[PDB]
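Number of protein chains: 4
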Amino acid sequence: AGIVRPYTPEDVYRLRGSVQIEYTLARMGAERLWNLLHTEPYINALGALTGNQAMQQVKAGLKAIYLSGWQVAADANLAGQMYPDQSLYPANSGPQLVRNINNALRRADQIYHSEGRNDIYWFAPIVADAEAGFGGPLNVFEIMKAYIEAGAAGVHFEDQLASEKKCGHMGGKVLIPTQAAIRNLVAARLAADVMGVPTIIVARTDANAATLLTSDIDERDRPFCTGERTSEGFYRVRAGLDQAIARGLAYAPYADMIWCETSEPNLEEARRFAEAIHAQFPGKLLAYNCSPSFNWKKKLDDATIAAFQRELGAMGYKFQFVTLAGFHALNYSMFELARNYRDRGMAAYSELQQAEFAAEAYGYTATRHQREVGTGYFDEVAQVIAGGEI
Amino acid sequence: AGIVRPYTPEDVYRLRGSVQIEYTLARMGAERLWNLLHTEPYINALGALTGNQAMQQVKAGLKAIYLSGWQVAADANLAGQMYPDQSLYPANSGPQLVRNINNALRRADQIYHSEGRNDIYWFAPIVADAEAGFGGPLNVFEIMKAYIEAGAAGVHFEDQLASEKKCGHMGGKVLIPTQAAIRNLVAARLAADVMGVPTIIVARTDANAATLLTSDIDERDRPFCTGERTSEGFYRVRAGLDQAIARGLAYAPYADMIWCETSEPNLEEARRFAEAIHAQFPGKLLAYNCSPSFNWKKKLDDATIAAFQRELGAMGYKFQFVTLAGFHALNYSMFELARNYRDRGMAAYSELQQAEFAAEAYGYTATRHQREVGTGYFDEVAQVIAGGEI
Amino acid sequence: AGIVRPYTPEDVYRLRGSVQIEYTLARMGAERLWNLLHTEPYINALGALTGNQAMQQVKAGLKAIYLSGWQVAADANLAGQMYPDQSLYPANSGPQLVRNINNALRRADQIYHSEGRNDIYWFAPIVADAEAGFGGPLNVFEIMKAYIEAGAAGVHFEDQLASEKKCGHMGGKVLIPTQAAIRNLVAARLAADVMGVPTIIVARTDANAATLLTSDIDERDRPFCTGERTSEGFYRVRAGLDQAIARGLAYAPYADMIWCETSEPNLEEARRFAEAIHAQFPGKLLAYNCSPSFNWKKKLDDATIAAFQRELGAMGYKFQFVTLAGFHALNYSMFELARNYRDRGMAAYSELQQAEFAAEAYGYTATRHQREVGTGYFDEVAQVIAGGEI
Amino acid sequence: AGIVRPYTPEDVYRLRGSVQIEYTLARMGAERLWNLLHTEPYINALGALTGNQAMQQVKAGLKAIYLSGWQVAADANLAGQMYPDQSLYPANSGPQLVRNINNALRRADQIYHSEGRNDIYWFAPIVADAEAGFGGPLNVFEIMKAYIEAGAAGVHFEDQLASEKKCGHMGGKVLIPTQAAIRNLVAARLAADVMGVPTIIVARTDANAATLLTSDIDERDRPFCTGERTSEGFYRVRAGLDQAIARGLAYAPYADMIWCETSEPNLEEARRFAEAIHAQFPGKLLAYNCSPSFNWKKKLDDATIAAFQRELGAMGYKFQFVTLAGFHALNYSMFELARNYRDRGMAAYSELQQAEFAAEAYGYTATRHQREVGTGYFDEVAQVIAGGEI
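Protein sequence lines correspond, in order, to chains R, X, D and U.
Each number in UniProt numbering corresponds to the 1-based position in the first sequence with 19 added.
Each number in UniProt numbering corresponds to the 1-based position in the second sequence with 19 added.
Each number in UniProt numbering corresponds to the 1-based position in the third sequence with 19 added.
Each number in UniProt numbering corresponds to the 1-based position in the fourth sequence with 19 added.
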């Protein structure tokens, strides 16, 4: 409400088989995510690419987890390859990682519970990158169901061509027609309705920077056409906020939350986009990529950097995420330790250990690595198994 | 030389099939590891649990990579679970991770090569944890071959019971008989000879702290027996450096390098162990776990912490590794960023970005994440594919 | 009732975390399996090693599916290796295959449902081989939970040593002490209680043929000891029906159903075992391996072969399974087609096609391969997605 | 020779990194496949979807193995789902299965070798389905390298749209422009040259039945255009042998072997296609799908069915394959056994066992299942490990 479903309950009933399988984590996740998005000033989250990263995010009091397809491409995909962000990896990598994260969170819940603690809420909703769906609408249908099986709370889909898909901050992005992008959003809602789960659907547009379109088939896209075509037969279009706004407005009836990929953290741009959407869709949830490909200190003065998320929240950007935080934290911390260890050996490692001891003041516990991974929990299991007679 | 093989070339020929498959990375790795161990004062390395961690280790000038089974248990296993260090995860997890790491290193090599750079040697040898072999000698045979397939340079095996196996710093460790541990080392050399690769074999003993033994079957273990037995029927033994030394000496003919698990970074202990081994096996390679479960600054003054690895090198500890560096770096860096992001949003993230920019002075490049993951490399691929006519 | 749990509800509550995840297929499976076992003369099933084998078993009217660890070892494990039956493969292979099978059954249910048919009940309970648990009781705890996650209805555990474990029809089998085997059965019930699912637990004994024991620790096993020990330090025991009966009776309080591995399909032996169990445990469910390693026509005359399962049912063997049916059907059918195709090309293939057309008389539909795999179902999905306007 | 590469050795050198990894099975496979295709009247093969199916194919004297993407979709993909043939599964499924098959063949080689037999040549070349490449040319580049890593000898690529891709015998197939299909073939040769392996490349066209085209961009495709466009904006084209022939001729410089998907086993059609290709490309290798979706006995009289492959060989169809033999053999054999087992229990199973005993006359050995899976081989391994003193 007011979401459009261009199909009937009977359509859903015919396609869902005779038995309904319960997806507890996906149901909890979507419920909690939807409450949070309507009750908080905003939700801020960071990219996680391992169960331990996502565990520390929750442990530090973040209320949501972001699963980045870019990070999956780089360091956590089922091909075990390092890829750039071009949908090169196996389409089940993302859902598999969402499962691993929920497994880590479930183990944390088990540790804290076995010690009589409930001070951390471990089951933070996961919002997951489905890219451009790894082909057509049936591929979208499958990745959506896989994410619900894995326990994702929300899933995002973008209007780039899957076969030539790119990082949101790479040149030469290719839009698919408006009607094709809406068909993907309908495929995603159909997958959620078939699984019987109120999963959040985020519609991303790449139309802010995208200067190429696959097909002139859709009347709604032709106004942006220049009349040039390329060797490949792509149509040249006028990228910018007018194209982004068009797509945003076309997708709003079919998605819970709208996201404009941005080439620069610009609050005036953000406000103009927000006001354009809310003019036709009052109160529509928006999402904002706080991109690590932005040089925050070079673009913004300290006051704006500190105010940025709060300002974005007041405009309607209720979900704000640093997509590549996990990559940067992982690569930075190992490089820095490695570079110092090369020269100074155990002095370099003692420096990290001392940083860990300092963070214990703020609830960090992984310095005590044996307890952190569940050694205490499995020792309680062993003792129950060994405990009673015969 | 002087390694003992209690079997013949004919035995190997009968078991190796009719075709010999080449394992380039495993052959390069074992060759380079063996040269390094004989030409350098020592090799120091850190635990890596992702391809990106291992890439930053090489990029910072570390000459070897350590694959920790503990880290696999925690955050990088094929069950996608968080486990403590009790051989709970699927036995192919470790070799799979070694493949992923070599894949990341291979992609780095491809990036640097496509830019006309050869200043980094990317194929750093990987020394991998095979635990207690995930069952009997045939399980040892399989994990050894899997590691060679994955491109490991060296593999370590310990004399704990696989079914009750534990972290080297957990209480209640259980030794298997000397003869059983030697049989595992023979299984590992047989696997390497069958694959036709000079893979390094490390024999770890847990006999420094282990107070329990499965069986009195071996004459060599009975001197350590007290005569007590437990409910489970384990034999109580006198743990300590005399037990560790016995096992070390029993394993030396069957392993390239010897490793005594230690409960404390103690140079006098280290020297006594080294001198005990070299008294019968002059020049025998040793390995030393620089354990993160040690409180380095609480146990050692700054001069000893700074000298520690250099001193250990001079005694014969030519391979020194911080087993859980990857876990600590990953958990610490995401907690710290998360805790600050919770309060201060993009100020917290700009602080990490600024740390990344500072590390560029020392060769860090992942701040430029697009190039780091191979966007330039795959854009050269796309251009060759698109480049010529028809 | 009367099952023994040597632990409390409070023990279970402490170990199960704060949220209870629903396992619909595992709950349905255990419920349906338990009803069937108490209402039918008996249940007969065949080994399945692919989703399609299990689909044809259900389609032909078999009421249960058997997941063989032997078949997993041969042709369906996560190492992608051909293994003999010695617990050589990754411990998650079995549960993964149970998931794949339930996925195939779920797709069948979706096809038949989308066509307005409910004449096949697709969700046949799966009884799965957990071997000797892939190590100790904690490994048992993990494989039990993995099977419940995958949707198994029942799981079996045997009293062989995991590290030297063997095919039930291989020589030199090694029993673990009675107390150790009971501890594994307690670990399995604890895993099921923690997941909140009434999963069936089958206790297999290998004590009919097993002539070796790991430890004299248990008073209950010493009567079978000869007083000889081997090089490895195994104890020699008197294998036979008296040892099998002892173990069966020791395991009965801790398992729902008892299974004696047999070296020969002998109804008098079967009756003696049944009568021995029911003398202390009236009405106890039993299970019987109708082994394909038996030469049925060489051992039994036609009347006995035809009566065999019915006779076994009347004794209390309510679950009867041909463990390796899937292996034999798969290897036989491809060899036979291949051998004829080598000589006669498409004549050989037309002969198979004609056999398929003949089986359509009995409900076979896979000749129509396009519909069989869900082409119709996904074409209905595509049409709902494409169907409504904008 | 005369293959066109629209790129230079320098292009390949820049993209291949600094170290060349050996792919023994892929090199052997491509070499043996290329010799066979030039020395034999023709090669006939069957679809295999497990290592055991492929082992029985080799054991029966077939000289090649076919890896079907359709069969992967149905019963052997990394999503563990039953899919129709629409590129729905994870793109690494096919290469993973090629690895499993080579693993089974390697184990067979090890068994026969350990017994002093070399009468079977186990390393039969595998020709593998890469579909339409699971996206764009970079996705093609990755699946080609993955197949070479897995040890495929040859790989096929078709000119259908990946996102709307379909079974070769499904209606509503969509061609991509000629230039796009050639770009995929260039991506595949670039991947093989980068890996340093002479892998066979097969170009399939779907233009015999395909009535839709994505784009009018290519001058070579416009002659087939009617001038109608659909809702989706696809161009209507005149399907048939003239379109198939055009594509075949466009692809011939860029592929080793050409394949026209056919809706019917018609020798006159086959001859016309062959003669059309050889008129411009004398001696060009062709491949022919002997489709199981054809009703062989309904379409052809017994003489033609028996002569069919021999006739096709003489025209230039040197590689002939029944794509779905594995699916039909697996589904048929389990249904038939299941249906009989439901009624007659062990009589039904004894009937299969008796069929197995009869096939032993022609070299079938899987009735002796213990030896078949390597129990003898691993018992020789155990004995070498246990054999020598200390």
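Yeah, the Cβ is synthetic: ideal placement off N, Cα and C, and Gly gets one too.
DSSP puts residue i in a beta bridge; with which residues?
i             : result
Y85(X)        : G66(X), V146(X)
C279(U)       : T224(U)
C244(R)       : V256(R)
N308(D)       : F340(D)
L194(D)       : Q179(D), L232(D)
residue 13(U) : Absent from the structure is residue 13(U), since the part of chain U shown begins at 20 and ends at 409.
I219(D)       : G173(D)
Between the Cα of residue i and the Cα atoms of the options, which residue gives the shortest distance?
i       : options                           : result
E150(R) : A172(R), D30(R), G187(R)          : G187(R)
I296(R) : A210(R), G345(R), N96(R), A265(R) : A265(R)
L268(X) : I201(X), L44(X), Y85(X), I84(X)   : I201(X)
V400(D) : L157(R), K82(R), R248(R), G80(R)  : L157(R)
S250(U) : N308(R), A199(R), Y360(R)         : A199(R)
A143(R) : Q72(R), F176(R), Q115(R), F160(R) : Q72(R)
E408(X) : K185(U), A20(U), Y26(U)           : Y26(U)
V213(X) : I139(X), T197(X), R33(X)          : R33(X)
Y396(R) : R35(D), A20(D), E29(D)            : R35(D)
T69(U)  : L55(U), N54(U), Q90(U)            : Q90(U)
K78(U)  : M334(U), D138(U), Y102(U)         : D138(U)
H132(X) : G393(U), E29(U), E288(U), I22(U)  : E29(U)
In chain X, which residues lie with their C-beta within 7 Å of the C-beta of residue i?
i       : result
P109(D) : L97, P109, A110, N111
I324(R) : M365, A366, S369
Can you tell me where the beta strand (DSSP E) holding residue i begins and where it ends?
i              : result
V174(D)        : 173-177
residue 418(X) : One cannot answer for residue 418(X) here, as it falls past the ends of chain X, which runs 20 to 409.
Going along chain X in order, which residues have a C-beta closer than 9 Å to the C-beta of residue i?
i       : result
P156(U) : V400, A401, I404, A405
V174(U) : Here the premise fails: no neighbours, minimum Cβ distance about 16 Å.
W315(R) : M365, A366, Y368, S369, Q372, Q373
Strictly below 7 Å CB to CB, what residues from chain R border residue i?
i       : result
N137(D) : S37
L44(D)  : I40
Output, in chain order, the set of chain X residues within a Cβ distance shorter than 8 Å of residue i.
i      : result
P25(U) : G406, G407, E408, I409
If the cut is a Cβ gap below 8 Å, which residues of chain U does residue i touch?
i       : result
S182(R) : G154, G155, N158, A181, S182
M189(D) : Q389, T394
So which residues on chain D does residue i lean against when the C-beta distance must stay under 9 Å?
i       : result
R202(R) : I404, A405
List the residues of chain R whose Cβ lies closer than 9 Å to the Cβ of residue i, in chain order.
i       : result
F346(D) : Ordered by position in chain R, no residue passes the 9 Å Cβ test against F346(D), which lies about 28 Å from the chain.
Since residue i is in the alpha helix (DSSP H), which residue starts that stretch and which ends it?
i      : result
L97(X) : Unbroken run through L97(X): none, as it is neither H nor E.
Can you pull the chain D residues whose beta carbon is under 7 Å from the beta carbon of residue i, in chain order?
i       : result
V216(R) : Per Cβ cutoff of 7 Å: no residues; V216(R) is ~12 Å from chain D at best.
Three or more beta-carbon pairs under 8 Å between the stretch 36-47 of chain R and the stretch 209-226 of chain R, yes or no? yes
Using 8 Å as the Cβ pair cut-off and three pairs as the minimum, do the stretch 85-98 of chain R and the stretch 106-118 of chain R touch? With the cut-off at 8 Å, the stretch 85-98 of chain R and the stretch 106-118 of chain R touch.
Within the chosen definition, does the stretch 77-84 of chain D reach the stretch 254-262 of chain D through at least 3 CB pairs nearer than 8 Å? no
Assess contact between the stretch 344-351 of chain R and the stretch 346-359 of chain X, defined as three or more Cβ pairs (one per stretch) separated by less than 8 Å. Is contact present? yes
Assess contact between the stretch 159-173 of chain D and the stretch 56-71 of chain R, defined as three or more Cβ pairs (one per stretch) separated by less than 8 Å. Is contact present? no
How do the stretch 119-136 of chain D and the stretch 118-133 of chain X stand: do at least 3 beta-carbon pairs fall below 8 Å, yes or no? no
Given 8 Å as the limit, is there contact between the stretch 227-238 of chain U and the stretch 298-305 of chain U, that is, 3 or more CB pairs closer than that? no
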